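Novice: let me give you the complex in parts, starting here:
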Amino acid sequence: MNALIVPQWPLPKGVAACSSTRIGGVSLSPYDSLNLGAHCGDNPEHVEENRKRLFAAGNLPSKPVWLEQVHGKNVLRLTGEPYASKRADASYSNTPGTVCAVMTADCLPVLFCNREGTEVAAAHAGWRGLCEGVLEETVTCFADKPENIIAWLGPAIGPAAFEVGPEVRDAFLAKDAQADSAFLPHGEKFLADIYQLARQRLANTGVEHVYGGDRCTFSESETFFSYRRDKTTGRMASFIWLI
C-alpha cells in the first residue's frame, strides 16, 4: 500500500505499472524502510526482503530485469534471460510477463506503452542520460508510431529543488534552444525542471501524451529517498509490464 504508487494515466487494457516509495520496508536509516538498491551500502539481506515485499505488493508476474545503469542512452530489448550485456539505461518489451524496470533516487524514471497495449518500456533519465537522448532512443525501439505512445513521468527531484551548475544548462542548451525555458537563474546556478526537459525531448520525437510529473523526491522526504538530500540513501524503482 503505502509502499506502492500506481501511475495515474489512461493505461490501456493489458498493461500494468507501479512505482515504489521508501515506506513499508525493513531497512535502517539512512535507507530506512523500502530500499530496493543493492549497491548503495545497505544490508544485502534487508534489500532482498524489501524486493520480495514490493514484488508481491505490485503483483509483478516475474522478477524485474534490473539493468546495469550507466547514465547513458542505450536500450535493452528484453528478449530472454540469457543476455550478452545488461549495460543500458532503458529496456523495452513486447512479451507478456516480462517486467521492465529502472532504479532511481532523484533521477527521472519514465514508463512507456502504446495505446494498443502491446509494447512497454522503462527509461532511467538522470540529467546526463536525458541530455544524451535516452528517451528518444527508447521511443525508437517501438514498432508503433510515436503519436500512439503514452508516457508517465515518475517521481524525480522537482524544479523547486533541482539546483544545477551552469555546465548542466549549457549541455542541454547546446542540443535544443527551447531547453533555455527549463532553467531558472538561482544565484550563480540554476533550478532545473527535469519534467519540462523530458516533455520537450518526448515532444521532439512525436510523443504527445505525457502524464505524471507531480512529485518532488527532495521535498517529500517522508515518501521518497533523495540522493541530493541525503548523499547516502536508498533507492526506489518504477516498473511496467504486459499482463
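Specialist: Received, thanks. Numbering: from 1, shown residues only, chains lettered A, B, ... in the order given.
Novice: where's residue A:147 relative to residue A:93, distance?
Specialist: 21 Å (C-beta to C-beta, to the nearest Å). To be clear about C-beta, it is placed using only N, CA and C from the backbone, and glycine gets the same treatment.
Novice: again with residue A:185
Specialist: Residue A:185 is 41 Å from residue A:93, by C-beta to C-beta.
Novice: neighbour count for those two, which is higher?
Specialist: Just comparing residue A:185 and residue A:93: by other C-beta atoms under 10 Å the higher neighbour count belongs to residue A:93, 23 against 10.
Novice: give me the beta-bridge partners of that one?
Specialist: residue A:120 (DSSP bridges).
Novice: look up which residues are beta-bridged to residue A:184.
Specialist: residue A:191.
Novice: list the buried ones in the lengthiest helix in chain A?
Specialist: Using DSSP state H to define each element, chain A has its longest helix at helix A:44-57. For helix A:44-57, a neighbour-count test (16 or more other C-beta atoms under 10 Å) marks A:46-47, A:49-51, A:53-55, A:57 as buried.
Novice: likewise stretch A:158-175?
Specialist: So stretch A:158-175, judged by 16+ other C-beta under 10 Å, has buried residues A:158-159, A:161-162, A:164, A:168-169, A:171-173.
Novice: in helices only, show me those residues.
Specialist: A:168-169, A:171-173.
Novice: can you pull out the strands in chain A?
Specialist: Per DSSP state E, chain A carries strands over the ranges A:4-5, A:15-20, A:75-77, A:90-93, A:99-104, A:108-114, A:120-125, A:149-153, A:163-164, A:183-186, A:189-192, A:209-212, A:236-242.
Novice: what's the fourth one in contact with?
Specialist: Among residues not part of strand A:90-93, those counted as contacts by C-beta atoms under 8 Å, 6 or more residues apart in numbering are A:65, A:67, A:73-78, A:99-102, A:119-124, A:134, A:137-138, A:141-142, A:241-242.
Novice: out of those residues, which are buried?
Specialist: Buried subset of the contacts of strand A:90-93 (neighbour count, 16+ other C-beta under 10 Å): A:65, A:67, A:73-76, A:78, A:99-102, A:119-124, A:134, A:137-138, A:141-142, A:241-242.
Novice: distance of the residue nearest to residue A:9 when sequence neighbours are not counted from residue A:51?
Specialist: In space, residue A:9 comes closest to residue A:211 once its chain neighbours are excluded; the distance is 3.9 Å by C-beta to C-beta, 6 or more residues apart in numbering. Distance, residue A:211 to residue A:51, by C-beta to C-beta: 26 Å.
Novice: chain B follows; place it on the structure:
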Amino acid sequence: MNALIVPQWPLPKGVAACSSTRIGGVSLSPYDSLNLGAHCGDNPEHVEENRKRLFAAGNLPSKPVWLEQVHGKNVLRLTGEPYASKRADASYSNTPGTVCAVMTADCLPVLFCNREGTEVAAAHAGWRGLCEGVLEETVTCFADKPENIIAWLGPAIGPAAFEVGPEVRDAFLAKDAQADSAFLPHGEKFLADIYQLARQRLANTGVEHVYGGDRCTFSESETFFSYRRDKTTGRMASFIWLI
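Specialist: Let me add chain B to what's already shown:
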C-alpha cells in the same frame, strides 16, 4: 497541514500562497469538512467556520476578494472594494495585503507572481475560460515581462479522468491546432489533459517556468472535492498575495 497545500515553487520573499483541500473543516457529507463554497447547498454556518479556519491556517492578511466566476476570461484588477462588477474569473494585485483567490472543484486554478515579488494573480481556468484565453488575459495584466512571471498549476481533474465530448476538443482546436496533443481518444469521447493545455497557452504568452500540475481532484477523493465525481459537493480555493 493536511487541510492546506503549499505550492512548491521558488516563491519570492514578498509573496505568500496556499491552496485548500477538503480536510480539516466542520461541514458534513457531501461537503464533509473544509467546504469554502457558499453557493453549493451547504450549511452557511459551517462554510463560515471553514473559511475562518483556512484563513487563519493560511495566515491571510485580509479577506479574499471572492469573484462572481462565470467561466469567462475577464480579469479583475483589485484596486479597491467599490467595484462596478466582480463578474470575473481571475484577479490581479500589486497591493500588499490584498488576497487574490479562485474557487474550484475540478477546474484548474492558476497562481501567478513575478520573480521580483511585486505582482501576483490567480485565475480560474475551467475548459471554457482556458479556451477563451483567461490565462493570457491574466498575464497581460502584469507590468513585468512574461519570462519573469512564474505560474503554479493547482489541483484539478486529471487527464485519466477528464472525459470530454468532441465539442470541447473542437473548441480548443479552433484556437490552436496544436491543442490536439492534449486529447486522447476515448471511445466516442476524449480524455483531456487540462495541465498540458495550460502549459501550451502559458508558453504562448512567453511564460517559461510553470510549476505544479501535480494532481487529480477526481481520483484523490480523500483530499479533494470533485464536481465530476460528486455532483453535489464542496469547493476548494487557491490564494496568493503580496506581503
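Novice: same as before for the buried residues of stretch A:158-175, with chain B this time.
Specialist: By neighbour count with 16 or more other C-beta atoms under 10 Å in any protein chain shown, stretch A:158-175 contains the buried residues A:158-162, A:164, A:168-169, A:171-173.
Novice: next one: stretch A:4-13
Specialist: A:4-5, A:7-11.
Novice: residue A:152 reaches residue A:17, doesn't it?
Specialist: Yes - Residue A:152 lies in contact with residue A:17 (C-beta atoms under 8 Å); the separation is 7.0 Å.
Novice: which ones are touching residue A:173?
Specialist: Residue A:173 sits next to A:179-180 when contact means C-beta atoms under 8 Å, 6 or more residues apart in numbering or on different chains.
Novice: rerun at 10 Å
Specialist: Taking C-beta atoms under 10 Å, 6 or more residues apart in numbering or on different chains, we find residue A:173 in contact with A:131, A:166, A:179-180, A:182-183.
Novice: just give the nearest non-adjacent residue to the one residue in chain A that gets nearest to chain B, would you?
Specialist: At 3.1 Å from chain B, residue A:214 is the closest residue in chain A, using C-beta to the nearest C-beta. In space, and not counting its chain neighbours, residue A:214 is closest to residue B:214: 3.1 Å by C-beta to C-beta, 6 or more residues apart in numbering or on different chains.
Novice: who's in contact with that neighbour?
Specialist: A:158, A:195, A:212-216, B:5, B:7-8, B:152-156, B:158, B:195.
Novice: sorry, back to before: so how far is the longest helix of chain A from its chain's centroid?
Specialist: 19 Å (C-alpha atoms, centre = their mean, to the nearest Å).
Novice: can you name every helix or strand that that helix contacts?
Specialist: Identification of packing neighbours for helix A:44-57 by 3 or more C-beta pairs under 10 Å, 6 or more residues apart in numbering or on different chains; DSSP states H and E yields strand A:4-5, strand A:15-20, strand A:236-242.
Novice: would JSON lines of those with distance to chain B be doable?
Specialist: Below are those laid out as JSON lines (distance: least, C-beta to the nearest C-beta, whole Å):
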{"stretch": "strand A:4-5", "distance to chain B": "12"}
{"stretch": "strand A:15-20", "distance to chain B": "13"}
{"stretch": "strand A:236-242", "distance to chain B": "16"}
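Novice: so which of those strands is the most packed in?
Specialist: strand A:236-242 (a mean of 26; mean count of other C-beta atoms under 10 Å in any protein chain shown).
Novice: neighbouring strands for it, and are they parallel or not?
Specialist: Here, using DSSP bridges, strand A:236-242 pairs with strand A:15-20 (antiparallel), strand A:99-104 (antiparallel).
Novice: give me the distance from the first one to the chain's centre.
Specialist: Read that as strand A:15-20. From the chain centre to the centre of strand A:15-20 is a distance of 11 Å (C-alpha atoms, centre = their mean).
Novice: this completes my enquiry, with thanks.
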